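Just below is one structure, and these are the notes that go with it.
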Amino acid sequence: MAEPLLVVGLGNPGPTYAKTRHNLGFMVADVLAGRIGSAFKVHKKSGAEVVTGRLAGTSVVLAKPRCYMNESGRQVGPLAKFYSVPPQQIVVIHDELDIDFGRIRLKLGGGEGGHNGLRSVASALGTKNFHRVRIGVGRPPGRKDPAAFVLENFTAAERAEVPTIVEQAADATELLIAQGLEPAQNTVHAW
């Protein structure tokens with residue numbers, strides 16, 4: 001019993017892109033893994049960044065693509081096969097325009113803000129079914145698609161609810177394994 005679930009953290013390491021809101025995966029996982037007693041291993045290929053930590057009780061594998069979102073779908077595929085884990089019931093932390101910054105929504109689907117980061121993985125797996133966690137970053141105001149704006153942001157307003165996301169993300173991820181998704185998504189909708 002107790003198979004290591006695959007937790008995918010969406011990160012976009014780039015020249016100016018490593019300082020954006022697209023680095024959620026490895027930026028948030030850093031502090032939570034450090035506390036539980038977990039170090040990150042660099043296995044450059046499909047497992048560029050992986051940490052095995054156990055929250056709630058069961059040990060899970062948190063993988064972060066250190067490549068661009070374009071290449072993200074190419075990371076999960078081979079990695080899943082190594083540990084013989086089904087890439088169906090996976091959780092992926094990612095930023096989306098679905099809601100404003102402060103609260104988050106964990107939902108299964110892919111067609112809002114980060115189309116490529118959704119498409120890359122969805123098209124590679126040949127299906128959706130992924131229940132990803134969407135961090136609300138708001139909808140960048142403009143006559144152009146947020147696609148262009150979300151690649152470089154410096155809005156002090158996003159910083160105000162950063163601590164709020166931290167507490168929610170760290171608690172919800174553990175409670176997810178502890179009981180289920182309902183208690184978790186109810187809490188992030190309550191606070």
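Determined by solution NMR, according to the entry header.
Including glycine, each Cβ sits where the backbone N, Cα and C put it.
So that you can see what the record holds, here are the features copied from Swiss-Prot:
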{"type": "ACT_SITE", "residues": "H22", "note": "active site, proton acceptor"}
{"type": "BINDING", "residues": "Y17, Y68, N70, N116", "note": "tRNA binding site"}
{"type": "SITE", "residues": "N12", "note": "site 'Discriminates between blocked and unblocked aminoacyl-tRNA'"}
{"type": "SITE", "residues": "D95", "note": "site 'Stabilizes the basic form of H active site to accept a proton'"}
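The Cβ of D95 (site 'Stabilizes the basic form of H active site to accept a proton') lies under 8 Å from the Cβ of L10, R21, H22, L24, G113, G114, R134, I135, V137, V150, each of these being in the same chain and 6 or more residues away along the sequence. Rounded to a whole value, the Cα-Cα separation of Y68 (tRNA binding site) and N12 (site 'Discriminates between blocked and unblocked aminoacyl-tRNA') is 5 Å. The tRNA site, placed at the center of the C-beta atoms of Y17, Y68, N70, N116, has further neighbours from the same chain whose C-beta lies within 8 angstroms: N12, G14, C67, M69, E71, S72, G117. The most densely surrounded of the recorded positions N12, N70, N116 is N12 (count of other Cβ atoms within 10 A of its Cβ). Once the Cα atoms of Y17, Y68, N70, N116, the listed binders of tRNA, are compared pairwise, the greatest separation found is 15 Å. Cβ-based neighbour count (10 Å, all protein chains) for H22 (active site, proton acceptor) stands at 25. DSSP classifies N12 (site 'Discriminates between blocked and unblocked aminoacyl-tRNA') as coil under the three-state reduction. In sequence order, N23, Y68, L151, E152 make up the list of same-chain residues 6 or more apart from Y17 (tRNA binding site) whose Cβ falls under 8 Å from its Cβ.
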